[PDB]
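Contents: one structure, followed by commentary.
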RNA sequence: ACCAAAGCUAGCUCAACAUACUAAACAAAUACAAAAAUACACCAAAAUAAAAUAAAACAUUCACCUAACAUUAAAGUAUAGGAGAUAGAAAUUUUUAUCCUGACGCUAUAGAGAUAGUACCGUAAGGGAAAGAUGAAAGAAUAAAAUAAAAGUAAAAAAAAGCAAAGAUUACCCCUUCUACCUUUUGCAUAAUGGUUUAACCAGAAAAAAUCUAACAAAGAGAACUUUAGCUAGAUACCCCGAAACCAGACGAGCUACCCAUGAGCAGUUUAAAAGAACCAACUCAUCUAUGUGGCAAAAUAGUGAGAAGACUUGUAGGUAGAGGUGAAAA
RNA sequence: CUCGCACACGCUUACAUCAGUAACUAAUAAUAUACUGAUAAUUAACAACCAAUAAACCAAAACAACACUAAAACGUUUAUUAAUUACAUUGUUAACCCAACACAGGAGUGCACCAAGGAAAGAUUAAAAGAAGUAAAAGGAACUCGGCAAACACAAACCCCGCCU
RNA sequence: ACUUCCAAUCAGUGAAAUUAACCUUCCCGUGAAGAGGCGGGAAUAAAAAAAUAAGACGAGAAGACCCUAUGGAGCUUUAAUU
Ligand SMILES: [K+]
Ligand SMILES: [K+]
Ligand SMILES: [K+]
Ligand SMILES: [K+]
Ligand SMILES: [K+]
Ligand SMILES: [K+]
Ligand SMILES: [K+]
Ligand SMILES: [K+]
Ligand SMILES: [K+]
Ligand SMILES: [Mg+2]
Ligand SMILES: [Mg+2]
Ligand SMILES: [Mg+2]
Ligand SMILES: [Mg+2]
Ligand SMILES: [Mg+2]
Ligand SMILES: [Mg+2]
Ligand SMILES: [Mg+2]
Ligand SMILES: [Mg+2]
Ligand SMILES: [Mg+2]
Ligand SMILES: [Mg+2]
Ligand SMILES: [Mg+2]
Ligand SMILES: [Mg+2]
Ligand SMILES: [Mg+2]
Ligand SMILES: [Mg+2]
Ligand SMILES: [Mg+2]
Ligand SMILES: [Mg+2]
Ligand SMILES: [Mg+2]
Ligand SMILES: [Mg+2]
Ligand SMILES: [Mg+2]
Ligand SMILES: [Mg+2]
Ligand SMILES: [Mg+2]
Ligand SMILES: [Mg+2]
Ligand SMILES: [Mg+2]
Ligand SMILES: [Mg+2]
Ligand SMILES: [Mg+2]
Ligand SMILES: [Mg+2]
Ligand SMILES: [Mg+2]
Ligand SMILES: [Mg+2]
Ligand SMILES: [Mg+2]
Ligand SMILES: [Mg+2]
Ligand SMILES: [Mg+2]
Ligand SMILES: [Mg+2]
Ligand SMILES: [Mg+2]
Ligand SMILES: [Mg+2]
Ligand SMILES: [Mg+2]
Ligand SMILES: [Mg+2]
Ligand SMILES: [Mg+2]
Ligand SMILES: [Mg+2]
Ligand SMILES: [Mg+2]
Ligand SMILES: [Mg+2]
Ligand SMILES: [Mg+2]
Ligand SMILES: [Mg+2]
Ligand SMILES: [Mg+2]
Ligand SMILES: [Mg+2]
Ligand SMILES: [Mg+2]
Ligand SMILES: [Mg+2]
Ligand SMILES: [Mg+2]
Ligand SMILES: [Mg+2]
Ligand SMILES: [Mg+2]
Ligand SMILES: [Mg+2]
Ligand SMILES: [Mg+2]
Ligand SMILES: [Mg+2]
Ligand SMILES: [Mg+2]
Ligand SMILES: [Mg+2]
Ligand SMILES: [Mg+2]
Ligand SMILES: [Mg+2]
Ligand SMILES: [Mg+2]
Ligand SMILES: [Mg+2]
Ligand SMILES: [Mg+2]
Ligand SMILES: [Mg+2]
Ligand SMILES: [Mg+2]
Ligand SMILES: [Mg+2]
Ligand SMILES: [Mg+2]
Ligand SMILES: [Mg+2]
Ligand SMILES: [Mg+2]
Ligand SMILES: [Mg+2]
Ligand SMILES: [Mg+2]
Ligand SMILES: [Zn+2]
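Protein chains in written order, with this note's numbering: chain A, 86 to 136; chain Y, 3 to 208; chain E, 327 to 423; chain G, 102 to 267; chain C, 27 to 136.
Here is the structure:
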């Protein structure tokens, strides 16, 4: 009679396990953009001019 | 502290006492035993921190640095070469920080790289006339130094500042032992002037 | 009656290993060796079954005679019960009699 | 266990050539391990077959069964998937094409009677399966009329052939 | 008594699916004119009544603080006034209940 | 479409060799009521094993059954037996060392009981289980691959008539023809027995004489024996489940029978009375009837009853143990 | 509507604070004394542990004055010794224990019968049959094995077998 | 006659003995000697809920009665052996 259910899935995160990684995570590329270029507002009309 | 493990256990690049390991392997389960070819401690020539070349996989002929070695299952993990991509930050309404993860490799797919010619070469341990065990290559015949790697603590003894409860190097190495034939009990009693006159009676042991 | 759904890895048996190639080499040692060793002196196995054959009763009796004093307590008891049951069954039971 | 209803939403059909009839949408949703019983849940599932989603929710709104609230949650969350995950506009243009109830995993207990006797108690769990299809509900079939019965009977008398003839 | 034989599933299906034992549909469901939710014709709207009940509890909760004792009850009529209102001449001589929120639309002053 | 299905490891079995045989751990506490540092002691012991069974009963007897030092023969011979069942030697003979050790043994209802003598059921001796499955990586769970195949249900309730099927038919029925299956019997559709259905597991075993095939043949067999066509070798053989019982050794008087210690209860009322007197509670027994009968209860609830200062109830703890204990005899 | 507080024996954190209950436990829901996780707790004056030898002593407990038969638990003093030295160790929770259950059963003593402790009905309809309770015309055992049961009755007498408790 | 617990409808949780397969009628006759199934005739749209217990030789316990078994045991003695 003493039989019960298993396998309840949950995602728990703590600071301690993240700081105990023996090998630090290696990132191939940076996350954000360092500086966003600001084009002038006239590019919609300059594009029709070649020189 | 040492954590006891079951007689049959599976290793998956996670330390036994981690929450990730407990989530993967609940204490009430046990899985199939994988076949691992026995390598004695004197035959394991792959350490952490030395450049190695990957033979088989999606990337072939590339070289990288070993960061982690799993001695139980005979695994060597290169630094971001045999990589698969996973997600780390997960919540209800947001996912991101796509971080590549490196899959394990066996010893047969990894051969040590000689410093000079930068090619894979078989390595055999040899005993030189200086009494030191130095790995020796087969083709080039050049010895390969040990891969000095920083410890897991992350503290370099070269750059260190003594705290309030840290003993100086001079006092640690200072010698004050005078080897006489009196126990620690006798020395302290006469050092502080504790004087005792009477003596114990006869006590029977059985 | 459910059968497996995946083909098992086929056993690649080599007919020419050391065991099969040299199998039964010195079976005629007596015939072609001036009759110095009977072929029963090549059998490897139990002490009481080297060059001997019998039914279940004669085998248990023979085992008790030779290696009986070297057996364990529990094994010595189980052998005695096996002898008694076979003795009663073979003699006091059956159809042809 | 078996989980095939969830994987039916991952089927990707090839693109349709122009001029072909528009393919109606199909949404598959289910809930697993409901505390309600298998047989009791069936009567609710039989109720809402063939009805549009809006009137299906209206009928289950006032039903006193404990499973009425459970099914209504399933339909509401399945409707959100249809309008967001799929390109189904007109969230009122869905009809319950198929609904059924399956059995889950039971828990066995001991039920006492007296005189030292006992009986095995089965904790009951059931699943609910619903499929929503875009479009107006199909029209329910009317009973055969007097002319239909006469037409079949005369046709039956005309199919007769000489048995064991030649 | 004990059953003589096992009932076949063919017989069980006929009994378990008879039209009497099936759930009957309801044809008296209507939309509430005020809030647009669902209600039956002969039953008050669940959403509208719940709107009233929450407000009634707040009014009664204010009355409790105005009579500390458990056996203190007014001997006169009661009038409830919201923010931005003052008692009328006909409302004088009665206990006053003050509520900070603006007077609700459904509630009508006399 | 649910419930389910599939996997091959964990380990085990039988030997061989073999050191020579109560492992691992013992800082402290462990035979006061074990794991509680510390006070004038007592300490210890043996008496042939019996019976279930076979003799178709059963009394003499009944292999192995504690202690043999083996193998090839003498031999199932001499002998011992209600001379019945069956029991059964010796004199005298034979045996060349070490390696060649592994598997025509099992693969999660198998193999040890074992993931384990742990959960759990017993006061105690004792009994004793079920339970694992992804991948190279789950530090690839908006995760992936695989059968979608047992009974049971859903998709899809049913339409006169019959061991449920067959002959058929343009057509599912309608028509015609047929007394379920095993066991047990002179004879069973029998209203004689057993089975809800599914998966796994579960029951014929021995070589004296013989027949078939072959080697060699007045001789055969790799010693020991048989021989007036015989000797040697191979092949062909004889089940499973179940009693009431019988004997030996352990563990049980925390329930109950009786007794030895040490304690604790009996209010009111009636009488010179604490009189195995009287009325009636607490308290202790359980007369009669009704509910209950898988029940609240493996002996109870409701009403009603008998005793209630005694040969009375009751707590703690100790004593008597199965050829017995105990008993105001009900075996 | 009324078995309430405490100790002994037993059970062994099931108690307390906070949070969670999709599911497991409660034979249902709310929910949490009973299910899950974290944290916390019972402090000795009460109770356990708590001297030996020799000698004197016939004289009951029952309001004990004094007696009965069944002859009765209950010690003081003198002498010889006894480490003499703040604070030792241990039991302190609970809605609980024995009965397979959160069982209408079994369970010792002190003091109250309450100032304390608790809820017979989940929501309806008001059929039969069944169980429990109240009332009844005229008759009052005509019922039935028997006046079993029930009753506004609560009495009188004979016989058989055992004397009686 | 009237109340309460049952009861019937609604909501929640949800057990037991039992079960060869059943598409599971009546009558007379037959028959291992008492037929839902055989034979001769009758009756016959299909299902649900609530009731009464004639039959299914109903369910429960490998009949306690009786006999058999070269099957046991308790008791008694003028059985046999001791
Ligand atoms: K035989
Ligand atoms: K019978
Ligand atoms: K029989
Ligand atoms: K049978
Ligand atoms: K005792
Ligand atoms: K009870
Ligand atoms: K407890
Ligand atoms: K009479
Ligand atoms: K009947
Ligand atoms: Mg019980
Ligand atoms: Mg069952
Ligand atoms: Mg069931
Ligand atoms: Mg005999
Ligand atoms: Mg016999
Ligand atoms: Mg004997
Ligand atoms: Mg003689
Ligand atoms: Mg096993
Ligand atoms: Mg198997
Ligand atoms: Mg199936
Ligand atoms: Mg027919
Ligand atoms: Mg017949
Ligand atoms: Mg007969
Ligand atoms: Mg016969
Ligand atoms: Mg039958
Ligand atoms: Mg019979
Ligand atoms: Mg049967
Ligand atoms: Mg022969
Ligand atoms: Mg005997
Ligand atoms: Mg005995
Ligand atoms: Mg006792
Ligand atoms: Mg009195
Ligand atoms: Mg008296
Ligand atoms: Mg009573
Ligand atoms: Mg009563
Ligand atoms: Mg009464
Ligand atoms: Mg009395
Ligand atoms: Mg009396
Ligand atoms: Mg004893
Ligand atoms: Mg006796
Ligand atoms: Mg007595
Ligand atoms: Mg008598
Ligand atoms: Mg008698
Ligand atoms: Mg307990
Ligand atoms: Mg409750
Ligand atoms: Mg809470
Ligand atoms: Mg808790
Ligand atoms: Mg119960
Ligand atoms: Mg109640
Ligand atoms: Mg109720
Ligand atoms: Mg009635
Ligand atoms: Mg009355
Ligand atoms: Mg009257
Ligand atoms: Mg009369
Ligand atoms: Mg009469
Ligand atoms: Mg009588
Ligand atoms: Mg009476
Ligand atoms: Mg008389
Ligand atoms: Mg008497
Ligand atoms: Mg007399
Ligand atoms: Mg119900
Ligand atoms: Mg019918
Ligand atoms: Mg008849
Ligand atoms: Mg007929
Ligand atoms: Mg007929
Ligand atoms: Mg009913
Ligand atoms: Mg009925
Ligand atoms: Mg029949
Ligand atoms: Mg009958
Ligand atoms: Mg019967
Ligand atoms: Mg019988
Ligand atoms: Mg008799
Ligand atoms: Mg006879
Ligand atoms: Mg006999
Ligand atoms: Mg006998
Ligand atoms: Mg006896
Ligand atoms: Mg005599
Ligand atoms: Zn409204």
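Backbone N, C-alpha and C define an ideal beta-carbon position, used for all residues, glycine too.
{"Query": "Using a C-beta to C-beta distance shorter than 9 Å, which residues of chain C count as neighbours of residue 159(G)?", "Result": "52, 55, 64"}
{"Query": "Nearest CA to the CA of residue 209(Y): which residue from 95(Y), 93(Y), 65(Y)?", "Result": "Examination of residue 209(Y) is not possible in this model, given that chain Y is present from 3 through 208 alone."}
{"Query": "Report, in whole angstroms, the separation of the C-beta atoms of residue 142(G) and residue 197(G), which I expect to be a contact under 8 Å.", "Result": "Actually they do not touch by this definition, with Cβ atoms about 15 Å apart."}
{"Query": "At 7 Å on the CB atoms, spell out the chain G contacts of residue 156(A), in chain order.", "Result": "Lying outside 86 to 136, the shown extent of chain A, residue 156(A) is not represented and no answer is given."}
{"Query": "Taking the continuous beta strand (DSSP E) assigned at residue 198(G), which residues delimit it?", "Result": "195-204"}
{"Query": "What residue range does the beta strand (DSSP E) around residue 242(G) cover?", "Result": "Segment: none, residue 242(G) is in no beta strand (DSSP E) and carries neither H nor E."}
{"Query": "Is there a Cβ of chain C sitting closer than 8 Å to that of residue 163(G), yes or no?", "Result": "yes"}
{"Query": "Rounded to the nearest angstrom, what separates residue 4(Y) and residue 412(E) at their Cα positions?", "Result": "57 Å"}
{"Query": "Do residue 111(G) and residue 202(G) have their C-beta atoms closer together than 8 Å?", "Result": "no"}
{"Query": "Please check if any C-beta of chain C sits within less than 8 Å of the C-beta of residue 144(G).", "Result": "yes"}
{"Query": "Quick test of your reading: residue 209(G) and residue 223(G), contact by CB under 8 Å. State the CB separation rounded to the nearest angstrom.", "Result": "6 Å"}
{"Query": "Please classify residue 136(Y): does DSSP put it in a helix, a strand, or coil?", "Result": "strand"}
{"Query": "Using a Cβ-Cβ cut-off of 7 Å (strictly less than) and excluding sequence neighbours within five positions of residue 89(C), which residues of its own chain qualify?", "Result": "123"}
{"Query": "Check each candidate in 31(C), 78(C), 49(C), 72(C) and name the one with the smallest Cα separation from residue 134(C).", "Result": "78(C)"}
{"Query": "Checking 8 Å against the spacing of the C-beta atoms, do residue 112(Y) and residue 75(Y) come in under that value?", "Result": "no"}
{"Query": "The beta strand (DSSP E) with residue 134(G) in it runs from where to where?", "Result": "127-135"}
{"Query": "Can you find the residues in the same chain that come closer than 8 Å, C-beta to C-beta, to residue 125(C), ignoring five residues on each side of it along the sequence?", "Result": "84, 85, 88, 106, 107, 108, 109"}
{"Query": "Per DSSP, residue 77(Y) forms a beta bridge with which residues?", "Result": "72(Y), 108(Y)"}
{"Query": "Against chain C, with Cβ distances strictly below 8 Å, would residue 105(G) count as a contact?", "Result": "no"}
{"Query": "If the cut is a Cβ gap below 8 Å, which residues of chain G does residue 35(C) touch?", "Result": "Result: empty, since nearest Cβ-Cβ is about 13 Å, beyond 8 Å."}
{"Query": "Residues of chain C with CB closer than 8 Å to the CB of residue 177(G), please, in chain order.", "Result": "Within 8 Å Cβ-Cβ: nothing; residue 177(G) doesn't reach chain C, min ~14 Å."}
{"Query": "Between which two residues does the alpha helix (DSSP H) holding residue 403(E) run?", "Result": "399-418"}
{"Query": "Considering residue 73(C), what are the terminal residues of the alpha helix (DSSP H) in which it resides?", "Result": "72-92"}
{"Query": "Taking the straight line between their C-alpha atoms, what separation do you get for residue 136(A) and residue 118(A)?", "Result": "31 Å"}
{"Query": "The beta strand (DSSP E) with residue 105(C) in it runs from where to where?", "Result": "104-108"}
{"Query": "Suppose you measure from the CA of residue 375(E) to the CA of residue 419(E); what does that come to, to the nearest Å?", "Result": "28 Å"}
{"Query": "Excluding the 5 residues preceding and the 5 following residue 199(G) in the sequence, name in chain order all residues of the same chain whose CB lies nearer than 6 Å to its CB.", "Result": "232"}
{"Query": "Kindly confirm or deny that the segment 248-262 of chain G and the segment 170-189 of chain G touch, where touching means at least three C-beta pairs closer than 8 Å.", "Result": "no"}
{"Query": "At least one CB of chain A closer than 8 Å to the CB of residue 92(Y): is that the case?", "Result": "yes"}
{"Query": "Residue 48(C) CB to nearest chain G CB: under 8 Å?", "Result": "yes"}
{"Query": "Residue 110(A) by DSSP, collapsed to three states: which one?", "Result": "coil"}
{"Query": "Report the rounded CA-to-CA distance for residue 63(Y) versus residue 160(Y), giving the unit in angstroms.", "Result": "37 Å"}
{"Query": "From this set, 393(E), 396(E), 409(E), which residue's C-alpha is nearest residue 386(E)'s C-alpha?", "Result": "409(E)"}
{"Query": "Helix, strand or coil, according to DSSP, for residue 65(Y) in the structure here?", "Result": "strand"}
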